[PDB]
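Here is the structure we will look at.
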Amino acid sequence: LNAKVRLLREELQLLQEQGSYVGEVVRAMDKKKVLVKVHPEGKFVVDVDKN
Amino acid sequence: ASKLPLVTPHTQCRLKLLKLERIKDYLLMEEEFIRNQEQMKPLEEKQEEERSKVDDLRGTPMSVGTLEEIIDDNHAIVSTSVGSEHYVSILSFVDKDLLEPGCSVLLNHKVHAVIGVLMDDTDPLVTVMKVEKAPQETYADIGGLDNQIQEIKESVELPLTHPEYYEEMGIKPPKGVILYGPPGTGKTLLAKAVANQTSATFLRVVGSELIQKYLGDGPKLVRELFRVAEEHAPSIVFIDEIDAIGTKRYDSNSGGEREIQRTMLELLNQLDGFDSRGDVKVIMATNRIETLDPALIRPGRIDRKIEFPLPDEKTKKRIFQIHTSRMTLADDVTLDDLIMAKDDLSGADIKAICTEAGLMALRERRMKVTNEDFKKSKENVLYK
Amino acid sequence: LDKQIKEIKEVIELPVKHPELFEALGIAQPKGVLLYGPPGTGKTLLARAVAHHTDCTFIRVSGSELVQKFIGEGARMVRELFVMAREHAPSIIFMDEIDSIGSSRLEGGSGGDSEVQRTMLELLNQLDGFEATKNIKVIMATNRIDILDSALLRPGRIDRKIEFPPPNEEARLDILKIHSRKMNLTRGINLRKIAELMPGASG
Ligand SMILES: Nc1ncnc2c1ncn2[C@@H]1O[C@H](COP(=O)(O)OP(=O)(O)OP(=O)(O)O)[C@@H](O)[C@H]1O
Ligand SMILES: Nc1ncnc2c1ncn2[C@@H]1O[C@H](COP(=O)(O)OP(=O)(O)O)[C@@H](O)[C@H]1O
Ligand SMILES: [Mg+2]
């Protein structure tokens with residue numbers, strides 16, 4: 001019960017942080033870099049998280 | 001890196017050995033020179049320190065943009081993806097040799113400065129008209145002609161395989177070849193055999209799709225086709241049923257009959273414009289040659305014209321021999337009786353009769369082929 | 001339509017499951033079937049059924065511009081749909097001809113000359129030996145074969161033709177029994193008389 005109460009209390013601060021986009025991947029590149037496309041904008045060359 | 005092409009001795013001669021030894025000595029001395037500074041005055045790793053600095057300079061996101069105009073002193077006008085364009089500068093590690101109008105370039109996120117240049121991503125067209133694998137077996141499958149095969153070989157294969165006969169006499173090989181004759185006699189088959197034997201990139205396109213549904217699209221397509229054929233390598237361009245653009249008319253065409261004329265003028269230019277043509281061979285084929293424009297076939301655009309006549313009875317027997325080579329044919333049948341089944345049957349009727357007889361025997365779960373199968377097959381295929 | 005079923009099975013089902021059976025006789029596998037008959041006699045359902053039972057991705061093209069955005073961005077050519085066909089290797093392409101096309105003028109005779117016909121001409125010209133992947137087939141459904149252009153009637157082009165005659169008394173009775181099952185009927189209909197009262201009709 002204490003754990004769930006603490007989680008509920010922290011949820012308010014957790015929820016305040018920013019959001020994230022959704023994109024479509026075209027094809028990968030060298031050294032952990034890929035090419036993506038976001039629909040109402042131009043395509044970007046981005047890197048990949050370690051996971 | 002093409003250090004020395006003069007190895008023409010190609011043997012154990014002392015000249016080649018001395019040249020190789022001197023090359024090795026030069027390479028060793030230059031290696032010592034290029035290593036001494038990394039041993040005495042490194043001042044940086046220079047293997048990954050410079051790379052780390054470069055990666056630190058460029059941001060982790062970088063956007064694509066289109067060049068529109070470039071000034072010599074390292075800056076240009078780049079159009080962003082939305083469309084608004086700027087006056088950014090150019091860095092030094094961008095190898096300013098691929099800078100061309102229209103190429104996608106990698107810009108920085110903050111100041112939009114040009115940091116990199118990007119390779120393109122092929123085209124949808126190239127896959128559509130690029131032949132990948134050799135279709136089937138070479139001239140040993142044709143039979144019957146044996147005369148114009150040498151002409152085709154003289155035009156396309158010999159200039160590439162032995163480019164020494166011509167240089168001794170100092171001539172240019174004949175430029176164009178066109179094949180005409182009645183339908184169903186073996187033109188596309190000869191093209192397939194050439195495609196199998198050849199080594200250059202082979203491009204095929206039919207004439208019925210040279211006509212589009214908008215204004216000015218046809219000339220655009222022709223220009224793109226020859227641009228692709230030019231930018232690869234020694235190549236062969238094959239156009240089939242050209243007359244299909246002058247015979248049938250479609251209501252889907254936005255223009256009338258004049259845009260056909262515009263496409264024709266574009267094609268004539270591409271065959272014999274005043275630009276340097278390069279190294280491209282053209283093969284054309286049709287069965288109604290009395291309709292197309294005589295200005296399209298003049299010498300200097302098409303130099304060879306080959307007629308395919310109807311098969312003769314010797315060639316008829318040879319064709320029947322070819323097309324039942326692997327068929328479990330019974331001993332009762334005889335090809336002579338089938339030879340004059342029709343007075344003027346062409347090459348395709350032979351294969352049609354053979355395949356239909358095979359199917360009819362397949363129905364009864366059999367292996368051999370009898371006379372009555374052939375007798376009914378000819379009626380099925382010929383008399384409707 | 002049993003005989004038509006057998007005829008289409010010999011040129012669709014067999015050269016997928018047992019190619020070696022065709023290789024035993026050393027003849028090329030057929031690729032072209034053409035169905036002809038009056039409208040409403042059951043051609044399209046038959047193509048759908050045979051594609052369903054053989055487990056082939058049934059694709060059809062009508063040349064509309066709504067669907068064009070899926071095929072490609074501009075699609076100057078038409079062969080580009082193969083780029084999507086070979087990913088579902090056992091596939092079948094279907095094409096239908098409008099009920100009204102004449103030879104004098106107006107529809108068919110004038111204005112346009114082919115539409116669907118030029119599409120099959122291009123397609124068959126493609127997979128005549130230049131195509132690497134196998135297991136692709138083409139079908140049409142037209143009436144009055146006499147109006148087809150000569151380039152499509154060459155003996156070596158189309159592998160099989162099948163005719164769909166208008167139903168006789170027995171066929172009408174069977175179709176009626178098939179389609180009356182969906183309704184709440186009554187004991188005793190004697191629908192033989194119903195079939196006998198309809199003559200020279202379609203299915
Ligand atoms: N001389 C020949 N030798 C061997 N086979 C032949 C010959 N002529 C015709 N055939 C057979 O007939 C078929 C028809 O060949 P193909 O369609 O390439 O002929 P074509 O005359 O160039 O045709 P089209 O004029 O209709 O474009 C060949 O695939 C082959 O099976
Ligand atoms: N032989 C038949 N048996 C049962 N139902 C049929 C038969 N022929 C047609 N139908 C029904 O009538 C409709 C006719 O459409 P369709 O057969 O697709 O026309 P077409 O074949 O001329 O394109 C079909 O949807 C089917 O439901
Ligand atoms: Mg041909």
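No value in this document is a laboratory result; all are computed from the given coordinates. Counting neighbours? That spans all protein chains shown, and the Cβs are built from the backbone with ideal geometry, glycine included.
For this structure, a couple of remarks:
- Across the range B:270-299, the number of residues qualifying as more than 14 Å from chain C (Cβ to nearest Cβ), over 20 Å from the mean Cα position of the chain (by Cα) and not hydroxyl-bearing (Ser, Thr, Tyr) comes to 13.
Residues are listed down the side, and each one gets a yes or a no for (1) outside any helix (DSSP H, G or I); (2) surrounded by fewer than 16 Cβ atoms within 10 Å (Cβ to Cβ):
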{"residue": "B:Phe226", "(1), (2)": "no, no"}
{"residue": "B:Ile242", "(1), (2)": "yes, no"}
{"residue": "B:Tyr250", "(1), (2)": "yes, yes"}
{"residue": "B:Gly256", "(1), (2)": "yes, yes"}
{"residue": "B:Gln261", "(1), (2)": "no, yes"}
{"residue": "B:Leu268", "(1), (2)": "no, yes"}
{"residue": "B:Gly278", "(1), (2)": "yes, yes"}
{"residue": "B:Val282", "(1), (2)": "yes, no"}
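- The one condition in (1) part of a loop (DSSP other than H, G, I, E, B); (2) closer than 30 Å to C:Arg86 by Cα; (3) away from ligand 3 (no atom under 16 Å from the Cβ) that C:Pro167 fails to fulfil: (2)
- In this entry, B:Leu359 passes the filter for residues that are without any contact (Cβ under 8 Å) to a residue 24 or more places away in the chain and either within 13 Å of another protein chain (Cβ to nearest Cβ) or away from ligand 1 (no atom under 16 Å from the Cβ) (or both).
- Residues being away from ligand 3 (no atom under 13 Å from the Cβ), within 11 Å of chain C (Cβ to nearest Cβ) and in a strand (DSSP E or B) - total across the range B:182-208: 1
- B:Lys46 being more than 12 Å from chain A (Cβ to nearest Cβ), on the phi > 0 side of the Ramachandran plot, outside any helix (DSSP H, G or I) and surrounded by 11 or more Cβ atoms within 10 Å (Cβ to Cβ): yes
- Scanning the range B:228-240 for residues that are surrounded by 13 or more Cβ atoms within 10 Å (Cβ to Cβ) and either in contact (Cβ under 8 Å) with a residue 60 or more places away in the chain or more than 16 Å from ligand 1 (Cβ to nearest atom) (or both) turns up B:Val228, B:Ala229, B:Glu230, B:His232, B:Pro234, B:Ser235, B:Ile236, B:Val237.
- The set of residues in the range C:29-53 being surrounded by 16 or more Cβ atoms within 10 Å (Cβ to Cβ) and either near ligand 2 (Cβ under 7 Å from one of its atoms) or of a type in the set (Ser, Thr, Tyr) (or both) consists of C:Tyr36, C:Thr41, C:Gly42, C:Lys43.
- Search result, residues across the range B:319-356 that are among the hydroxyl-bearing types (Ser, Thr, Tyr) and without any contact (Cβ under 8 Å) to a residue 60 or more places away in the chain: B:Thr324, B:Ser325, B:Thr328, B:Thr334, B:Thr355
- Exclusive hit being more than 13 Å from every other protein chain (Cβ to nearest Cβ), away from ligand 2 (no atom under 16 Å from the Cβ) and either farther than 30 Å from B:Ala357 by Cα or of a type in the set (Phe, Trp, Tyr) (or both), set C:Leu185, C:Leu176: C:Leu185
- Residues that are touching a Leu at 6+ places or on another chain (Cβ under 8 Å) and either within 16 Å of ligand 2 (Cβ to nearest atom) or not polar (S, T, N, Q) (or both) within the range B:192-205 comprise B:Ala200, B:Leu203, B:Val205, listed in sequence order.
- Among residues of the range A:1-23, those that are within 18 Å of the chain's Cα centre (by Cα) and surrounded by 10 or more Cβ atoms within 10 Å (Cβ to Cβ), counted: 1
- When the range B:165-179 is limited to residues that are more than 16 Å from ligand 1 (Cβ to nearest atom) and either β-branched (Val, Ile, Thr) or touching a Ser or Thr at 6+ places or on another chain (Cβ under 9 Å) (or both), the one that is farthest from the other protein chains (Cβ to nearest Cβ) turns out to be B:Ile171.
- Yes/no for C:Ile139 being closer than 23 Å to B:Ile353 by Cβ and in contact with a strand residue (DSSP E or B) (Cβ under 6 Å, 6 or more places away or on another chain): no
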